[PDB]
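Accompanying notes for the structure given below.
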Amino acid sequence: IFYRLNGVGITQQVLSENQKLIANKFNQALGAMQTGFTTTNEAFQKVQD
Amino acid sequence: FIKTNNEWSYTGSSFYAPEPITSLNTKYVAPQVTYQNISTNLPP
Amino acid sequence: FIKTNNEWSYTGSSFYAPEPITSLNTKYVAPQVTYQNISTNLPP
Ligand SMILES: *[C@@H]1O[C@H](CO)[C@@H](O[C@@H]2O[C@H](CO)[C@@H](O)[C@H](O)[C@H]2NC(C)=O)[C@H](O)[C@H]1NC(C)=O
Ligand SMILES: *[C@@H]1O[C@H](CO)[C@@H](O[C@@H]2O[C@H](CO)[C@@H](O)[C@H](O)[C@H]2NC(C)=O)[C@H](O)[C@H]1NC(C)=O
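So, in structure tokens, the structure goes:
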């Protein structure tokens, strides 16, 4: 993830300094989708029909 | 960058081809904590 | 790298624009057998 965010154009200073918040952001991003398992997920709509 | 049993060396991305490290195949990057500090056999 | 008729020079890859060689349009590279060994007018 460090090298991929290097690849998008983010400097190594903030990656060296801001690991915890981006880790929490990624973790809560992957945790929010479990409760989103409903009609709002267009992927479930496509699977369903 | 690579180690071998005959100090580091270089290999390409698609073949195990050991050869001594040059500036023609490396670039300068700001330091990161994950790296390896060396103080005995400095490459050119 | 393009010969001139008023000696090598630089040209772009999509237009015939002869231009003297600088450091900003070339890169260092390992030698090959097919390269030209010029020894009377060294490029900068
Ligand atoms: C190589 O030396 C550098 C310089 O001291 C080390 O970088 C620091 O390492 C400490 C802990 O090892 C960290 O708390 C600092 O944040 C690091 N600073 C920077 C600017 O990177 C590096 O860890 C050393 N590497 C090895 C393998 O010993
Ligand atoms: C320019 O000089 C180089 C150095 O001798 C020539 O490259 C060598 O060419 C011989 C001829 O087959 C090869 O056996 C060597 O392996 C080559 N050396 C390297 C390092 O590749 C090159 O041929 C010369 N250029 C011209 C146009 O004659």
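Protein sequences, first through last, are from chains B, A and C.
Per PDB author numbering, the first sequence runs over residues 976 to 1024.
Per PDB author numbering, the second sequence runs over residues 1172 to 1177, 1183 to 1220.
Per PDB author numbering, the third sequence runs over residues 1172 to 1177, 1183 to 1220.
Yeah, the Cβ is synthetic: ideal placement off N, Cα and C, and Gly gets one too.
Check	Outcome
Own chain partners of C/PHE1172 with C-beta closer than 6 Å, once the 5 adjacent residues on each side are dropped	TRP1184
Which residues DSSP lists as bridging residue 1179 of chain C, in chain order	There are no atomic positions for residue 1179 of chain C here, as chain C continues from 1177 directly to 1183.
Any non-hydrogen atom of ligand 1 closer than 8 Å to A/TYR1204 Cβ	no
Listed by chain order, chain B residues near A/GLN1208 by CB distance under 9 Å	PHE977, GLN987, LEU990, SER991
Contacting residues, own chain, Cβ-Cβ under 8 Å from C/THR1175 (five flanking each side not counted)	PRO1194
C/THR1210 CB to nearest heavy atom of ligand 2 below 8 Å	yes
Short Cβ contact (9 Å threshold) for C/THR1202 with C/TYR1192	no
Check: C/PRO1207 C-beta below 8 Å from any heavy atom of ligand 2	yes
C-alpha gap between A/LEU1200 and B/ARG979, whole angstroms	24 Å
Span separating the alpha-carbon of residue 1269 of chain C from that of C/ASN1213	Summary: the structure shown does not reach residue 1269 of chain C, with chain C confined to residues 1172 through 1220, and so no result is reported for it.
Any non-hydrogen atom of ligand 1 within 8 Å of A/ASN1213 CB	yes
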